[PDB]
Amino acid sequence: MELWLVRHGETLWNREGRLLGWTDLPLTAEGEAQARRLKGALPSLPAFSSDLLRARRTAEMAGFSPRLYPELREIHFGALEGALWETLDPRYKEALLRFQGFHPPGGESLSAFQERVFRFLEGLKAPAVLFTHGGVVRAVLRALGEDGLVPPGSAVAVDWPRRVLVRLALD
């Protein structure tokens, strides 16, 4: 199934290097610009989006009117929301790097996060564009055997659940 996953435009915590999950930050000026550039670069397909501001706003500026689904939200970092990556305990950095065994206090485990994301994707019965977050895109890319790192305001098209089709980044 052809699915286009879009990572929302940048927020302040991107440059700051802080874990950004359910904290509802707005897009930066550049983030809005990144979103605008997506308009005309994404196919005209039904759209879905994380209900968090940065995602919804990216969808809007990209020319879409997506249906909102909390299932497309970034992982909930719980007590680690806003934590500087730099000062993250080595155990947490390792869990996030290897994408396994991560369960922050008051948050969501990486296993539950994957279950949520994949169950949502499994329910899509036709091609669509999904405005989401870096962690969601990474979960999908990793599950497809590829490095899940893509810049803010960039997109990746995949044939779920078989392979990555293309990665799109604009300057």
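A residue's number is simply how far along the shown sequence it sits, counting from 1.
- With 100-108 and 125-133 compared on mean CA B-factor from the PDB entry, the stretch scoring higher is 100-108.
- Relative to its counterpart among 139-147 and 116-124, 139-147 has the higher mean temperature factor, C-alpha atoms as listed in the PDB entry.
- As recorded in the PDB entry, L170 shows the highest C-alpha B-factor of the residues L170, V164, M1, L5.
- The entry assigns its greatest Cα B factor, within the set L45, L52, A41, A59, to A41.
- When all modelled residues of the chain are sorted by CA temperature factor, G78 is found within the lowest third.
- The deposited CA B-factor of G21 belongs to the lowest third of values across its chain.
- For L88, the recorded CA B-factor ranks within the highest third of the chain. Only modelled residues enter the ranking.
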